[PDB]
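Trainee: Here it is, the structure, as structure tokens.
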Amino acid sequence: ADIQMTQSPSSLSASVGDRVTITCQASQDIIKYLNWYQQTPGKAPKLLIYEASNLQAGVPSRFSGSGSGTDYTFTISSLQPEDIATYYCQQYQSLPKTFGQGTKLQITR
């Protein structure tokens, strides 16, 4: 009965400065209630985007988010060496809060 979040891609390899696009689709309409997290291994998850498209204090302006209803997109406009992590989307329209399989973001070669 839970909502399921299919996140794409699972892994990607890009170079510094590139555009990187991550999508999350919800199993049902979740309106605007989606969050985007990053996770450097060993540390705490940092919340970058709240309500699909709203940016948070302390995160670079190169992070952005868009989407509505059941399809949403996370975008890093110009990737930086510190952007290397794994990214998750979180639905919170209906409890329990469910999340996407995640995307492991990797440098080329």
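In the structure tokens, the first chain shown is A, the next is B, and so on; residue numbers restart at 1 for each chain, and ligands run from 1 in the order shown.
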Excluding residue 38 (chain A) and its own-chain neighbours fewer than 2 positions away, which residues fall within 6 Å of it when counting only C-alpha atoms? Please give them as a count of residues only.

Mentor: 4

Trainee: Using only C-alpha atoms, pick whichever of A:49, A:40, A:26, A:14 has the shortest atom-to-atom distance to residue 101 (chain A).

Mentor: A:26

Trainee: With only C-alpha atoms as the basis for distance, which of A:39, A:82, A:1, A:66 is at the shortest distance from residue 51 (chain A)?

Mentor: A:66

Trainee: With distances taken over only C-alpha atoms, which of A:77, A:64, A:93, A:21 is nearest to residue 4 (chain A)?

Mentor: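 Checking each candidate against residue 4 (chain A), we get A:93 as the closest.
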
Trainee: For CA of residue 109 (chain A) and CA of residue 19 (chain A), determine how far apart the two atoms are, in Å to one decimal place.

Mentor: 17.2 Å

Trainee: Name the residues of chain A that come out as strand (DSSP E) in a backbone DSSP run; write them as a PyMOL selection string.

Mentor: chain A and resi 5-8+11-14+20-26+34-39+46-50+54-55+63-68+71-76+86-91+98-99+103-107

Trainee: Kindly save the residues from that selection, with C-alpha atoms included, as a CSV table (one decimal), in the first residue's frame.

Mentor:
```
chain,number,residue,atom,x,y,z
A,5,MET,CA,9.7,5.8,-6.0
A,6,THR,CA,11.6,4.7,-9.1
A,7,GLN,CA,14.8,6.7,-9.4
A,8,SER,CA,16.8,7.0,-12.6
A,11,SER,CA,24.7,5.0,-11.6
A,12,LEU,CA,26.2,7.6,-13.9
A,13,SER,CA,29.7,8.8,-14.8
A,14,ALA,CA,30.3,12.5,-15.8
A,20,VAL,CA,23.7,15.9,-14.7
A,21,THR,CA,20.0,15.1,-14.6
A,22,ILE,CA,18.2,12.7,-12.2
A,23,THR,CA,14.5,11.8,-12.4
A,24,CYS,CA,12.1,10.3,-9.8
A,25,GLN,CA,8.7,9.0,-10.7
A,26,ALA,CA,6.0,8.2,-8.1
A,34,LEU,CA,9.3,15.5,-2.9
A,35,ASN,CA,12.7,16.1,-1.4
A,36,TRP,CA,16.2,15.6,-2.8
A,37,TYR,CA,19.1,14.4,-0.6
A,38,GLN,CA,22.8,13.8,-1.1
A,39,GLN,CA,24.9,11.3,0.9
A,46,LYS,CA,22.1,16.7,3.5
A,47,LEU,CA,18.7,18.0,2.3
A,48,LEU,CA,19.1,20.1,-0.9
A,49,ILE,CA,15.6,20.5,-2.4
A,50,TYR,CA,12.3,20.6,-0.6
A,54,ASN,CA,12.6,24.9,-3.4
A,55,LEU,CA,16.2,25.4,-2.6
A,63,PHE,CA,21.5,22.5,-7.4
A,64,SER,CA,17.9,22.8,-8.6
A,65,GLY,CA,14.7,20.9,-8.7
A,66,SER,CA,11.5,20.8,-10.7
A,67,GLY,CA,8.4,18.6,-11.2
A,68,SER,CA,4.8,18.2,-10.2
A,71,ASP,CA,7.3,13.1,-12.2
A,72,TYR,CA,10.2,15.1,-10.9
A,73,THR,CA,13.7,16.1,-11.9
A,74,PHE,CA,16.9,16.9,-10.0
A,75,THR,CA,19.6,18.9,-11.8
A,76,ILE,CA,23.1,19.9,-11.0
A,86,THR,CA,24.9,9.4,-4.0
A,87,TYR,CA,21.6,11.1,-4.4
A,88,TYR,CA,18.1,10.2,-3.2
A,89,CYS,CA,14.6,11.5,-3.7
A,90,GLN,CA,12.0,11.3,-0.8
A,91,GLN,CA,8.3,11.3,-1.1
A,98,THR,CA,9.3,6.3,1.0
A,99,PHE,CA,12.4,7.0,-1.0
A,103,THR,CA,21.6,7.4,-7.8
A,104,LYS,CA,25.4,6.9,-7.4
A,105,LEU,CA,27.2,9.8,-9.0
A,106,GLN,CA,30.7,9.0,-10.2
A,107,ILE,CA,33.6,10.6,-12.0
```

Trainee: What's the separation between CA of residue 81 (chain A) and CA of residue 33 (chain A), in Å to one decimal place?

Mentor: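 One can read the CA of residue 81 (chain A) to CA of residue 33 (chain A) distance as 29.2 Å.
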